[PDB]
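Shown next, in structure tokens, is the structure this report addresses.
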Amino acid sequence: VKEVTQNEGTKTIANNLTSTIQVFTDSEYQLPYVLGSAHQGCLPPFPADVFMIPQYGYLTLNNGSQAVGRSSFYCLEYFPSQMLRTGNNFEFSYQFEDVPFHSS
Amino acid sequence: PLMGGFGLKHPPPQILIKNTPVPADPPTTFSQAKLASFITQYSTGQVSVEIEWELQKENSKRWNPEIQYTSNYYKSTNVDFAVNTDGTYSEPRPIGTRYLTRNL
């Protein structure tokens, strides 16, 4: 985790050792599932590339630009999430349900 | 079913009921013809039906309030889903089953 600060025109970057990040998986699928729309931001094909992580957003029922009564709002801080400092790591395992072979 | 419902290959069996015919006095000389004269008759009774239903509970991380089915707050000449002055039970409106939301 790194803090960056501006002084006049110069930039400087320094480690912040005590800061955290928050990570959770939506195991229960309680969020709008935004994968599978073929959006950008996947891991690069070539392993030496460094990639930026895409911002999360979602769409809800609308009429014009306005929202209807069934429109839902989700606060992501309202799930349990693991908080990691620079020495922490995160892991989980997932098993695919039985699916027919893709026929190649 | 297109009217809505649960399609069942073996639905609840249909129950058939009939008053056993009771003949009026036959003639004293034999006749082959079937007896066309009966005692006018009817039956009454009680019927109980008990269905156990399985529920799928709503588990949702939606922050803002759902739409619910609620009765009208304002005053009225008579209560909805209740008898009137003459004793006639009436149902004001059809009540659909979907007020909750899920993510598609």
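Chain identifiers are assigned as A, B, and so on, following the order in which chains appear in the structure tokens; residues are numbered from 1 within each chain, and ligands are numbered from 1 in order of appearance.
Per DSSP on the backbone, strand (DSSP E or B) in chain A comprises residues 2, 3, 4, 5, 6, 7, 10, 11, 12, 13, 14, 15, 21, 22, 23, 62, 63, 66, 67, 82, 83 and 84 of chain A.
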Write a file of the selected residues as a compact mmCIF listing (two decimals), in the first residue's frame, keeping C-alpha atoms.
# COMPACT_ATOMS: atom_id res chain seq x y z
CA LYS A 2 1.49 3.31 -1.04
CA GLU A 3 0.69 6.91 -0.26
CA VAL A 4 1.45 9.59 -2.82
CA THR A 5 1.54 13.31 -2.11
CA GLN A 6 1.95 16.46 -4.18
CA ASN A 7 4.25 19.30 -3.13
CA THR A 10 6.92 17.33 -7.49
CA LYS A 11 5.40 13.90 -6.87
CA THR A 12 6.66 11.52 -4.22
CA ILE A 13 5.59 8.00 -3.27
CA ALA A 14 6.18 6.21 0.01
CA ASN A 15 5.12 2.94 1.57
CA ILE A 21 -7.18 -3.23 1.85
CA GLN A 22 -10.56 -4.93 1.98
CA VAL A 23 -11.28 -8.13 0.08
CA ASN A 62 -35.01 2.54 -14.58
CA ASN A 63 -37.68 4.55 -16.32
CA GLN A 66 -35.22 8.07 -13.17
CA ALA A 67 -35.38 5.11 -10.80
CA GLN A 82 -11.19 -9.50 5.13
CA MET A 83 -8.79 -6.65 5.83
CA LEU A 84 -5.16 -7.17 4.84
| said: Just want the 10 Å neighbourhood of residue B:42, counted on only C-alpha atoms, with same-chain residues fewer than 4 positions away dropped. Output as a ChimeraX atom specification. | reply: /B:18-20
So that I have them on file, write out the residues from the current selection with N, CA and C atoms, as a short mmCIF file (atom, residue, chain, number, x, y, z; two decimals), in the first residue's frame.
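out09.cif written:
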data_model
loop_
_atom_site.label_atom_id
_atom_site.label_comp_id
_atom_site.auth_asym_id
_atom_site.auth_seq_id
_atom_site.Cartn_x
_atom_site.Cartn_y
_atom_site.Cartn_z
N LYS B 18 -71.44 -38.60 -3.98
CA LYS B 18 -72.79 -38.76 -4.49
C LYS B 18 -73.70 -39.27 -3.38
N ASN B 19 -74.96 -38.85 -3.42
CA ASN B 19 -75.98 -39.41 -2.54
C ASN B 19 -76.41 -40.76 -3.10
N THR B 20 -76.33 -41.79 -2.29
CA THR B 20 -76.81 -43.09 -2.72
C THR B 20 -78.31 -43.01 -2.98
#
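In this structure, atom CA of residue B:96 sits 12.9 Å away from atom CA of residue B:3.
Applying a distance limit of 7 Å to only C-alpha atoms, the residues of chain B near chain A read residues 60, 61, 62, 63, 64, 67, 101 and 103 of chain B.
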For the residues in the current selection, export C-alpha atoms as a short mmCIF file (atom, residue, chain, number, x, y, z; two decimals), in the first residue's frame.
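out_19.cif written:
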data_model
loop_
_atom_site.label_atom_id
_atom_site.label_comp_id
_atom_site.auth_asym_id
_atom_site.auth_seq_id
_atom_site.Cartn_x
_atom_site.Cartn_y
_atom_site.Cartn_z
CA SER B 60 -30.94 -10.30 0.48
CA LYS B 61 -28.26 -7.67 0.98
CA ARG B 62 -30.35 -4.87 -0.53
CA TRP B 63 -29.78 -1.72 1.49
CA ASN B 64 -32.95 0.24 0.82
CA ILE B 67 -41.90 -2.75 -1.74
CA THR B 101 -36.77 -8.26 -5.61
CA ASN B 103 -30.88 -9.80 -8.90
#
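For the pair atom CA of residue A:58 and atom CA of residue A:80, the interatomic distance is 19.6 Å.
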I'd like the contact shell of residue B:99 - 8 Å cut-off, only C-alpha atoms, skipping same-chain residues fewer than 6 positions apart - returned as a PDB file with N, CA and C atoms, in the first residue's frame.
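What follows is the written file out.pdb:
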ATOM      1  N   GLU B  66     -37.633  -2.690   0.628  1.00  0.00           N
ATOM      2  CA  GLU B  66     -38.452  -3.352  -0.372  1.00  0.00           C
ATOM      3  C   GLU B  66     -39.809  -2.679  -0.515  1.00  0.00           C
ATOM      4  N   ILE B  67     -40.462  -2.956  -1.630  1.00  0.00           N
ATOM      5  CA  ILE B  67     -41.900  -2.752  -1.738  1.00  0.00           C
ATOM      6  C   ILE B  67     -42.616  -3.892  -1.033  1.00  0.00           C
ATOM      7  N   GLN B  68     -43.648  -3.559  -0.273  1.00  0.00           N
ATOM      8  CA  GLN B  68     -44.430  -4.544   0.445  1.00  0.00           C
ATOM      9  C   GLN B  68     -45.880  -4.413   0.017  1.00  0.00           C
ATOM     10  N   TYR B  69     -46.667  -5.446   0.275  1.00  0.00           N
ATOM     11  CA  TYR B  69     -48.106  -5.327   0.116  1.00  0.00           C
ATOM     12  C   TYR B  69     -48.690  -4.797   1.413  1.00  0.00           C
TER      13      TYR B  69
END
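Atom CA of residue A:54 is positioned 5.5 Å from atom CA of residue A:41.
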